[PDB]
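Participant: Here it is, the structure, as structure tokens.
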Amino acid sequence: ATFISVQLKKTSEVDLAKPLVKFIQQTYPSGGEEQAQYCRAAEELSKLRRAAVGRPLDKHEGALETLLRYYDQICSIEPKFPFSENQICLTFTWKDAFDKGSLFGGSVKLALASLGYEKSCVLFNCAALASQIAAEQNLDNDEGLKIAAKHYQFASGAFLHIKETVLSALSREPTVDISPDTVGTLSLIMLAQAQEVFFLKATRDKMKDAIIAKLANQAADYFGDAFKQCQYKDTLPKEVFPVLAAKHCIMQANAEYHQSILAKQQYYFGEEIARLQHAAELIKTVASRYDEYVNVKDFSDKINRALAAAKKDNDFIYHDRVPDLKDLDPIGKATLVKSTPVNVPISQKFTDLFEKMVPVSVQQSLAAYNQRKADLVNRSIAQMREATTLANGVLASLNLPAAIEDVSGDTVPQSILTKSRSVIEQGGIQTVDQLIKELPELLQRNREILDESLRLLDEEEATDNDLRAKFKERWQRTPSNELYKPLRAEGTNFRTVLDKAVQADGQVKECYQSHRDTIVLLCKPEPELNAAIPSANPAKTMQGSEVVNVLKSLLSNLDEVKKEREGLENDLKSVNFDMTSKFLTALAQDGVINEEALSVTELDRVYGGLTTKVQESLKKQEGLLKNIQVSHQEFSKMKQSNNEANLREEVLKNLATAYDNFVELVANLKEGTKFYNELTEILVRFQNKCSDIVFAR
């Protein structure tokens, strides 16, 4: 009639969606996006906690199921936000279950900043509820037993999973009730209490008097061990300690009494008495010493009668020796109970309310792959241009292929021709004058966007002050300058970004004016273009000697080598590999995920076929240019003049450069503008954001 149960644990209501949706700010940038679904569940969870653990609960089924379906959703959420828990602040407060424990340090209450602490307490409450549930139960009704036995067994395991989970998961030393020594003992009591029932069933189904003993015993030898585990340990609620003892004692008395029946059949009439006397003793004790905790009046008669009748028969019929209690065989032990492990889900009709959301050790390793992407792509690109620019630069510094397309001094060589052509219908000088004109304007455009937005902040702040420094303090909310912390932090940054950007274009403007004169030439039609280049008397060891023709095949191979770099720069840009599902598979399969081991070997697999192709380009050039530096050496003599060609030569060198400078300048300014235009828009956000914060006031 008297079963140990465990009172719940009280806890404070904390606003759940407040520090949870703010990470969904960090997550999705759009309203109307899935960001909507993850907040129609964020407040759905806040609803669950309040309904689950906000109250002393109505001992039922759902009351448990809720608590279970909460604990579920908890564990279901932690591999998604509190990994290192940087500042994500939802600190939990939990109150101890058995107040009088430690009167030294921290006692009745503990507020900790770790989810592992939170989940443990819920689970404690689950286990704590299951017990209360299993105790009310009618134990005569046979469907009643089943529910008791299931619940204890569950509570027992619910605790034992805490024991093995606390020290390893928190952030410091834990409160009295949830410490491995405490719970490990409760877990054992539940278990012993479960086992009690099986004795009680087995008893109802009038089973073998041997089997009832062995079952009864093993129950004793469980309460026994729960005593042993309290005896000199402060793990304690007050009335728990004598019950464990009284129970143990009853249990041990049944065990004796049934084994008495067995000994009787086997005609050991001594054993019978010896085992009963022991049994009778055991009860007498309990009758007096724990009377207020257990009623055993009936049982006591059953023994005394059985004893009486046995002592009657033996004294007058059988005359059998009675053994000292030490002389007897151990009653066996038969357990039928095990601690229901804790494997989520524990609730029935389950539904992971955040089933959609993507893990954090995925999200952070997925973004640390995207720099590994950019690094290798951008890095290979940068090796390309610097290789190409250098090459182009040597050619001109060596007058190539201008010198070899020079049949007669009369005409513009064909490369210069083919070049000039490109420069014209690409806009001409006109596209460069365009871009060089409009750029400081687009720079200015942004300076205005910025300072209107910072001025706004400086404007409001000034109003804030005059108000307090003149008011009866009806104005008593946040000092505005303290509120405009990070928006000025950006402000400073946006400035240093522009100061860098302004000076950056002056480097170009200076280059541009010391180069465009020669472009003026390129954009001219052949007539004047041909007329403006000083004509010279051509050297005639150019008819087709091996000194010259060899160079043409170098400048047709180096001609193609740099032409190939486009296709690469394109395929390097074009490739995107969706890494998500490869991490996702490796986190569900294995513990956590080490990204470097996987990404590196994936990259030199995805891109690997190009990195080698890239080093093939660069190192081939080092060859092709050296085998041109030493070859021009020889052509220098076989083609000569004094002053007639010294002009022609050192003009064409400057036009070759002129073209390069043009392409080097356009491709630079387009890529420049197509960056400051991207900034305008990033600053529109910022104009509106400051506006909305001076509207937030």
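Residue numbering restarts at 1 for every chain of the structure tokens, chains are lettered A, B, ... in their displayed order, and ligands are numbered from 1 as they appear.
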Excluding same-chain residues fewer than 4 positions from range 627-637 of chain A, what lies within 10 Å of it counting only C-alpha atoms, as a list in words?
Facilitator: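 Neighbouring residues, sequence-local ones excluded: residues 394, 395, 398, 399, 400, 403, 541, 542, 547, 548, 550, 551, 554, 555, 621, 622, 623 and 641 of chain A.
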Participant: Considering only C-alpha atoms, give me a table of residues in range 278-302 of chain A that are at most 9 Å from range 244-258 of chain A, with the closest atom pair and distance in Å for each, as CSV.
Facilitator:
```
residue,atom,partner,partner_atom,distance
A:278,CA,A:256,CA,7.3
A:279,CA,A:253,CA,4.8
A:280,CA,A:253,CA,7.6
A:281,CA,A:253,CA,8.7
A:282,CA,A:253,CA,6.1
A:283,CA,A:250,CA,6.8
A:285,CA,A:249,CA,8.8
A:286,CA,A:246,CA,6.2
A:289,CA,A:246,CA,8.6
A:290,CA,A:246,CA,6.6
A:293,CA,A:246,CA,7.9
A:294,CA,A:246,CA,7.5
A:296,CA,A:250,CA,8.5
A:299,CA,A:254,CA,9.0
```
Participant: Set the distance at 12 Å and use only C-alpha atoms: which residues neighbour range 319-331 of chain A once local chain neighbours fewer than 3 positions away are removed? I'd like the list as number ranges by chain.
Facilitator: A: 209-218, 220-221, 252-260, 262-264, 267-279, 310-316, 334
Participant: When you count only C-alpha atoms, which of these residues is closest to residue 389 in chain A: A:65, A:644, A:660, A:181?
Facilitator: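 Selected residue with least distance to residue 389 in chain A: A:660.
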Participant: Within 12 Å of residue 161 in chain A, counting only C-alpha atoms, which residues qualify if same-chain residues fewer than 5 places away don't, as a list in words?
Facilitator: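 Neighbouring residues, sequence-local ones excluded: residues 119, 120, 121, 123, 124, 127, 154, 155, 156, 166, 167, 168, 178, 179, 180, 183, 184, 186, 187, 188, 339, 340, 341, 342 and 343 of chain A.
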Participant: Restricted to N, CA and C atoms, what would the selected residues look like written as a tab-separated table (two decimals), in the first residue's frame?
Facilitator:
```tsv
chain	number	residue	atom	x	y	z
A	119	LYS	N	17.76	19.89	-20.09
A	119	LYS	CA	17.17	18.63	-20.52
A	119	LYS	C	17.12	17.63	-19.38
A	120	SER	N	18.17	17.62	-18.56
A	120	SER	CA	18.29	16.71	-17.43
A	120	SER	C	17.16	16.91	-16.42
A	121	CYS	N	16.80	18.16	-16.20
A	121	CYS	CA	15.77	18.49	-15.25
A	121	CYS	C	14.39	18.09	-15.74
A	123	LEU	N	13.82	15.61	-17.93
A	123	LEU	CA	13.89	14.19	-17.77
A	123	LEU	C	13.67	13.80	-16.31
A	124	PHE	N	14.30	14.52	-15.37
A	124	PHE	CA	14.05	14.26	-13.95
A	124	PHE	C	12.57	14.34	-13.67
A	127	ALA	N	10.66	11.32	-15.26
A	127	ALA	CA	10.89	10.22	-14.33
A	127	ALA	C	10.15	10.42	-13.01
A	154	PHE	N	10.35	2.55	-16.15
A	154	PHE	CA	10.68	3.69	-16.95
A	154	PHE	C	11.39	4.74	-16.12
A	155	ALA	N	10.79	5.08	-14.97
A	155	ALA	CA	11.37	6.05	-14.05
A	155	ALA	C	12.79	5.64	-13.69
A	156	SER	N	12.95	4.38	-13.28
A	156	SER	CA	14.26	3.83	-12.98
A	156	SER	C	15.26	4.17	-14.05
A	166	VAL	N	25.08	13.73	-16.28
A	166	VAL	CA	25.26	15.04	-15.63
A	166	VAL	C	26.68	15.61	-15.69
A	167	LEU	N	27.61	14.99	-14.95
A	167	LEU	CA	29.01	15.44	-14.87
A	167	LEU	C	29.67	15.71	-16.23
A	168	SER	N	29.31	14.90	-17.22
A	168	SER	CA	29.90	14.97	-18.56
A	168	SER	C	29.39	16.11	-19.43
A	178	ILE	N	20.23	15.91	-8.68
A	178	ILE	CA	20.67	15.42	-9.98
A	178	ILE	C	22.13	14.93	-10.01
A	179	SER	N	22.73	14.69	-8.85
A	179	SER	CA	24.11	14.21	-8.81
A	179	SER	C	24.14	12.68	-8.86
A	180	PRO	N	25.07	12.10	-9.65
A	180	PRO	CA	25.15	10.67	-9.92
A	180	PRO	C	24.85	9.77	-8.72
A	183	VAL	N	20.50	10.26	-7.86
A	183	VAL	CA	19.72	9.63	-8.91
A	183	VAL	C	20.03	8.13	-9.03
A	184	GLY	N	21.30	7.76	-9.15
A	184	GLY	CA	21.71	6.35	-9.15
A	184	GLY	C	21.02	5.54	-8.06
A	186	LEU	N	17.83	6.58	-6.64
A	186	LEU	CA	16.41	6.61	-7.02
A	186	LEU	C	16.10	5.60	-8.11
A	187	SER	N	16.82	5.71	-9.22
A	187	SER	CA	16.83	4.71	-10.25
A	187	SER	C	16.79	3.32	-9.67
A	188	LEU	N	17.43	3.10	-8.53
A	188	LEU	CA	17.46	1.76	-7.96
A	188	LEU	C	16.20	1.48	-7.16
A	339	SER	N	15.95	-1.39	-16.53
A	339	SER	CA	15.74	0.04	-16.61
A	339	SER	C	15.52	0.49	-18.05
A	340	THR	N	14.25	0.64	-18.43
A	340	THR	CA	13.87	1.20	-19.71
A	340	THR	C	14.82	2.34	-20.11
A	341	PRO	N	15.76	2.08	-21.03
A	341	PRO	CA	16.66	3.09	-21.56
A	341	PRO	C	15.94	4.32	-22.07
A	342	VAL	N	16.69	5.39	-22.31
A	342	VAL	CA	16.12	6.61	-22.87
A	342	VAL	C	16.67	6.85	-24.27
A	343	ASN	N	15.86	6.51	-25.27
A	343	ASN	CA	16.16	6.79	-26.68
A	343	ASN	C	15.03	7.57	-27.32
```
Participant: Which is closest to residue 529 in chain A among A:411, A:370, A:195, A:131, if we use only C-alpha atoms?
Facilitator: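 Using only C-alpha atoms, the shortest distance to residue 529 in chain A belongs to A:411.
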Participant: Identify, on the basis of only C-alpha atoms, every residue whose closest approach to residue 77 in chain A does not exceed 10 Å; exclude the query and any residue fewer than 3 positions from it along the same chain; express the result as a PDB file with C-alpha atoms, in the first residue's frame.
Facilitator:
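Writing done, so here's out-v6.pdb:
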```pdb
ATOM      1  CA  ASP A  72      11.888  15.206 -27.037  1.00  0.00           C
ATOM      2  CA  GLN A  73      11.684  18.586 -28.730  1.00  0.00           C
ATOM      3  CA  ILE A  74      14.526  19.759 -26.466  1.00  0.00           C
ATOM      4  CA  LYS A  80      21.014  23.480 -34.077  1.00  0.00           C
ATOM      5  CA  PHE A  81      21.786  26.570 -31.864  1.00  0.00           C
ATOM      6  CA  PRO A  82      23.750  26.106 -28.559  1.00  0.00           C
ATOM      7  CA  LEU A 115      20.993  23.165 -22.242  1.00  0.00           C
ATOM      8  CA  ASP A 352      10.024  17.245 -34.747  1.00  0.00           C
ATOM      9  CA  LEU A 353       8.709  20.784 -35.000  1.00  0.00           C
ATOM     10  CA  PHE A 354      12.077  21.903 -36.420  1.00  0.00           C
ATOM     11  CA  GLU A 355      12.567  18.864 -38.684  1.00  0.00           C
ATOM     12  CA  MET A 357      16.087  23.330 -40.096  1.00  0.00           C
ATOM     13  CA  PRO A 359      22.351  21.669 -38.319  1.00  0.00           C
TER      14      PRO A 359
END
```
Participant: Can you measure CA of residue 603 in chain A to CA of residue 563 in chain A for me? One decimal in Å is fine.
Facilitator: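 These two atoms are separated by 25.3 Å.
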Participant: Which parts of range 324-485 of chain A does DSSP call helix (DSSP H, G or I) when run on the backbone here, written out as number ranges by chain?
Facilitator: A: 325-327, 360-397, 414-424, 429-468, 480-483
Participant: Using only C-alpha atoms for the distances, tell me which of A:423, A:645, A:362, A:442 is nearest to residue 525 in chain A.
Facilitator: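 That would be A:423, the residue with the smallest distance to residue 525 in chain A.
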Participant: Given the choices A:7, A:137, A:175, A:514, which gets closest to residue 237 in chain A if the distance is worked out from only C-alpha atoms?
Facilitator: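 Counting only C-alpha atoms, the residue closest to residue 237 in chain A is A:7.
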Participant: Using only C-alpha atoms, can you tell me which of A:568, A:521, A:667, A:194 comes closest to residue 428 in chain A?
Facilitator: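 Closest candidate: A:521.
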Participant: Just give me the gap between CA of residue 23 in chain A and CA of residue 450 in chain A in Å, one decimal is fine.
Facilitator: 27.9 Å
